[PDB]
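Here is the file data.txt (compact mmCIF, C-alpha atoms).
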```txt
# COMPACT_ATOMS: atom_id res chain seq x y z
CA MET A 138 200.71 59.79 167.75
CA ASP A 139 199.31 62.80 169.61
CA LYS A 140 197.00 64.05 166.85
CA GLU A 141 194.10 62.99 164.63
CA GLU A 142 193.93 62.08 160.94
CA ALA A 143 190.31 61.01 160.43
CA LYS A 144 188.81 63.01 163.30
CA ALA A 145 190.70 66.20 162.41
CA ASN A 146 188.73 68.89 160.59
CA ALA A 147 191.64 70.20 158.52
CA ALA A 148 191.62 66.80 156.83
CA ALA A 149 187.90 66.08 157.10
CA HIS A 150 187.37 66.91 153.42
CA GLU A 151 186.09 64.27 150.99
CA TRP A 152 186.26 64.90 147.24
CA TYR A 153 187.12 62.65 144.30
CA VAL A 154 189.00 63.57 141.12
CA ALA A 155 188.79 62.60 137.45
CA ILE A 156 192.11 60.91 136.66
CA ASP A 157 192.77 58.83 133.55
CA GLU A 158 189.01 58.92 132.93
CA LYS A 159 188.69 56.93 136.15
CA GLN A 160 187.37 58.09 139.53
CA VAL A 161 189.90 58.24 142.36
CA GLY A 162 189.58 57.68 146.10
CA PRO A 163 188.42 60.27 148.66
CA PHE A 164 191.00 63.01 149.16
CA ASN A 165 191.30 65.92 151.60
CA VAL A 166 192.54 69.52 151.42
CA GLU A 167 195.33 68.39 153.73
CA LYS A 168 196.24 65.47 151.47
CA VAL A 169 195.78 67.00 148.01
CA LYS A 170 197.66 70.12 149.11
CA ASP A 171 200.72 67.87 149.28
CA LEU A 172 199.97 65.99 146.06
CA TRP A 173 199.10 68.95 143.84
CA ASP A 174 202.14 70.71 145.29
CA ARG A 175 204.42 68.12 143.69
CA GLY A 176 201.99 67.44 140.86
CA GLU A 177 200.59 64.11 142.04
CA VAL A 178 196.95 65.00 141.40
CA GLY A 179 195.24 66.26 138.26
CA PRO A 180 195.41 70.07 137.97
CA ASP A 181 193.87 70.14 134.49
CA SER A 182 191.66 67.12 135.23
CA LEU A 183 188.07 67.46 136.44
CA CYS A 184 187.33 67.37 140.17
CA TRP A 185 184.27 65.94 141.92
CA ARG A 186 182.89 65.91 145.46
CA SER A 187 179.98 64.80 147.65
CA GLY A 188 177.03 66.62 146.13
CA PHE A 189 178.76 67.70 142.93
CA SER A 190 176.33 67.74 140.00
CA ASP A 191 178.97 67.96 137.27
CA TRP A 192 182.73 67.78 136.75
CA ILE A 193 185.01 70.81 136.59
CA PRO A 194 188.80 71.12 136.12
CA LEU A 195 190.95 72.79 138.78
CA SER A 196 192.66 74.82 136.06
CA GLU A 197 189.35 76.60 135.50
CA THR A 198 188.39 77.37 139.09
CA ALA A 199 190.51 79.86 141.04
CA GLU A 200 188.89 78.72 144.28
CA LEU A 201 191.34 75.81 144.16
CA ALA A 202 194.37 78.09 143.87
CA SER A 203 193.83 79.73 147.26
CA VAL A 204 193.91 76.22 148.73
CA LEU A 205 196.45 74.51 146.48
CA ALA A 206 199.61 76.62 146.22
CA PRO A 207 200.47 76.73 142.49
CA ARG A 208 203.99 76.21 141.15
CA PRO A 209 205.84 78.69 138.89
CA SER A 210 206.67 77.24 135.48
CA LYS A 211 207.93 78.49 132.12
CA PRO A 212 205.45 80.21 129.76
CA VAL A 213 203.21 78.01 127.62
CA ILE A 214 200.96 78.65 124.62
CA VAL A 215 197.43 77.33 124.11
CA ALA A 216 195.15 76.90 121.10
CA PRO A 217 193.10 79.89 119.87
CA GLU A 218 189.74 78.23 120.54
CA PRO A 219 188.68 77.61 124.16
CA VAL A 220 187.87 74.20 125.64
CA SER A 221 184.61 75.25 127.29
CA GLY A 222 181.97 77.68 126.05
```
Reformat the file's structure so that it appears as C-alpha cells.
Amino acid sequence: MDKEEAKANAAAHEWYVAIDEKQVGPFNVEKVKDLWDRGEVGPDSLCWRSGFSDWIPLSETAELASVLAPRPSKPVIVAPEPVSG
C-alpha cells in the first residue's frame, strides 16, 4: 500500500452509532460514507461521538446529508404526530 488508513485525516473520524439499541464500533466519515450509501448503517438510528452529550438520529440532522450522500427512494407517509418535541 502507498497510502494511510489510520494516519489519514479523511478517515481520522471517530463516532459511534445506536444500532439495535446497542453501541457500535468507531466509524469514520470515509467508512460510513460507504455504509450509509448502501444502507449498512442506521440512517434513522441515533448517532454518537467523542464528546456527545446526547443521542440524535441522522434523519433529523441535515449536517449528515452533506457528508453522507442520500439515496432517492419512493414517497413515504409518516404519522401525524412528531417523534421529538
Do you know which residues are at most 10 Å from region 147-161 of chain A counting only C-alpha atoms, after dropping those on the same chain fewer than 6 positions away, and could you put them as a short mmCIF file (atom, residue, chain, number, x, y, z; two decimals) with C-alpha atoms, in the frame of the given file?
```
data_model
loop_
_atom_site.label_atom_id
_atom_site.label_comp_id
_atom_site.auth_asym_id
_atom_site.auth_seq_id
_atom_site.Cartn_x
_atom_site.Cartn_y
_atom_site.Cartn_z
CA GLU A 141 194.10 62.99 164.63
CA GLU A 167 195.33 68.39 153.73
CA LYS A 168 196.24 65.47 151.47
CA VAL A 169 195.78 67.00 148.01
CA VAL A 178 196.95 65.00 141.40
CA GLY A 179 195.24 66.26 138.26
CA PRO A 180 195.41 70.07 137.97
CA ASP A 181 193.87 70.14 134.49
CA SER A 182 191.66 67.12 135.23
CA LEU A 183 188.07 67.46 136.44
CA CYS A 184 187.33 67.37 140.17
CA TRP A 185 184.27 65.94 141.92
CA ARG A 186 182.89 65.91 145.46
CA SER A 187 179.98 64.80 147.65
CA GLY A 188 177.03 66.62 146.13
CA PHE A 189 178.76 67.70 142.93
CA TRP A 192 182.73 67.78 136.75
CA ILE A 193 185.01 70.81 136.59
CA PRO A 194 188.80 71.12 136.12
CA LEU A 195 190.95 72.79 138.78
#
```
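For the pair CA of residue 210 (chain A) and CA of residue 196 (chain A), the interatomic distance is 14.2 Å.
The nearest approach to residue 171 (chain A) among the residues A:199, A:221, A:138, A:207, with all atoms listed in the file taken into account, belongs to A:207.
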Tell me which of A:143, A:215, A:220, A:205 sits closest to residue 174 (chain A), counting all atoms listed in the file.
A:205
Grab the CA of residue 213 (chain A) to CA of residue 191 (chain A) distance for me, in Å with one decimal place.
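Separation of CA of residue 213 (chain A) and CA of residue 191 (chain A): 28.0 Å.
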Just to confirm, what's the straight-line distance from CA of residue 164 (chain A) to CA of residue 201 (chain A) in Å (one decimal)?
13.7 Å
Closest of A:222, A:202, A:145, A:139 to residue 173 (chain A) - atom-to-atom distances counting all atoms listed in the file:
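Under the stated criterion, the closest residue is A:202.
Distance check against residue 204 (chain A) using all atoms listed in the file: of A:144, A:170, A:190, A:216, the minimum falls on A:170.
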Could I get region 187-198 of chain A rebuilt with N, CA, C and O atoms, written as a PDB file, in the frame of the given file?
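Result saved to out-v1.pdb:
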```
ATOM      1  N   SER A 187     181.288  65.189 147.141  1.00  0.00           N
ATOM      2  CA  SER A 187     179.980  64.800 147.650  1.00  0.00           C
ATOM      3  C   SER A 187     178.948  65.889 147.406  1.00  0.00           C
ATOM      4  O   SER A 187     178.954  66.927 148.067  1.00  0.00           O
ATOM      5  N   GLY A 188     178.057  65.647 146.447  1.00  0.00           N
ATOM      6  CA  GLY A 188     177.030  66.620 146.130  1.00  0.00           C
ATOM      7  C   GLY A 188     177.228  67.245 144.760  1.00  0.00           C
ATOM      8  O   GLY A 188     176.299  67.818 144.190  1.00  0.00           O
ATOM      9  N   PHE A 189     178.444  67.138 144.233  1.00  0.00           N
ATOM     10  CA  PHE A 189     178.760  67.700 142.930  1.00  0.00           C
ATOM     11  C   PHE A 189     177.795  67.186 141.862  1.00  0.00           C
ATOM     12  O   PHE A 189     177.531  65.986 141.775  1.00  0.00           O
ATOM     13  N   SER A 190     177.267  68.103 141.057  1.00  0.00           N
ATOM     14  CA  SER A 190     176.330  67.740 140.000  1.00  0.00           C
ATOM     15  C   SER A 190     177.059  67.453 138.697  1.00  0.00           C
ATOM     16  O   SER A 190     176.625  66.618 137.902  1.00  0.00           O
ATOM     17  N   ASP A 191     178.173  68.145 138.482  1.00  0.00           N
ATOM     18  CA  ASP A 191     178.970  67.960 137.270  1.00  0.00           C
ATOM     19  C   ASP A 191     180.457  67.942 137.600  1.00  0.00           C
ATOM     20  O   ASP A 191     180.848  68.042 138.764  1.00  0.00           O
ATOM     21  N   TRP A 192     181.282  67.812 136.568  1.00  0.00           N
ATOM     22  CA  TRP A 192     182.730  67.780 136.750  1.00  0.00           C
ATOM     23  C   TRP A 192     183.372  69.057 136.220  1.00  0.00           C
ATOM     24  O   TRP A 192     183.014  69.548 135.148  1.00  0.00           O
ATOM     25  N   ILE A 193     184.321  69.594 136.978  1.00  0.00           N
ATOM     26  CA  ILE A 193     185.010  70.810 136.590  1.00  0.00           C
ATOM     27  C   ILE A 193     186.501  70.734 136.916  1.00  0.00           C
ATOM     28  O   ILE A 193     186.898  70.321 138.006  1.00  0.00           O
ATOM     29  N   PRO A 194     187.344  71.139 135.954  1.00  0.00           N
ATOM     30  CA  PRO A 194     188.800  71.120 136.120  1.00  0.00           C
ATOM     31  C   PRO A 194     189.280  72.171 137.119  1.00  0.00           C
ATOM     32  O   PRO A 194     188.665  73.229 137.272  1.00  0.00           O
ATOM     33  N   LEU A 195     190.382  71.874 137.799  1.00  0.00           N
ATOM     34  CA  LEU A 195     190.950  72.790 138.780  1.00  0.00           C
ATOM     35  C   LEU A 195     191.648  73.960 138.099  1.00  0.00           C
ATOM     36  O   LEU A 195     191.874  75.005 138.710  1.00  0.00           O
ATOM     37  N   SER A 196     191.988  73.778 136.827  1.00  0.00           N
ATOM     38  CA  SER A 196     192.660  74.820 136.060  1.00  0.00           C
ATOM     39  C   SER A 196     191.672  75.868 135.575  1.00  0.00           C
ATOM     40  O   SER A 196     192.051  76.839 134.920  1.00  0.00           O
ATOM     41  N   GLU A 197     190.399  75.665 135.900  1.00  0.00           N
ATOM     42  CA  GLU A 197     189.350  76.600 135.500  1.00  0.00           C
ATOM     43  C   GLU A 197     188.818  77.369 136.698  1.00  0.00           C
ATOM     44  O   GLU A 197     188.369  78.509 136.568  1.00  0.00           O
ATOM     45  N   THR A 198     188.869  76.742 137.869  1.00  0.00           N
ATOM     46  CA  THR A 198     188.390  77.370 139.090  1.00  0.00           C
ATOM     47  C   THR A 198     189.548  77.925 139.915  1.00  0.00           C
ATOM     48  O   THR A 198     190.491  77.204 140.244  1.00  0.00           O
TER      49      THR A 198
END
```
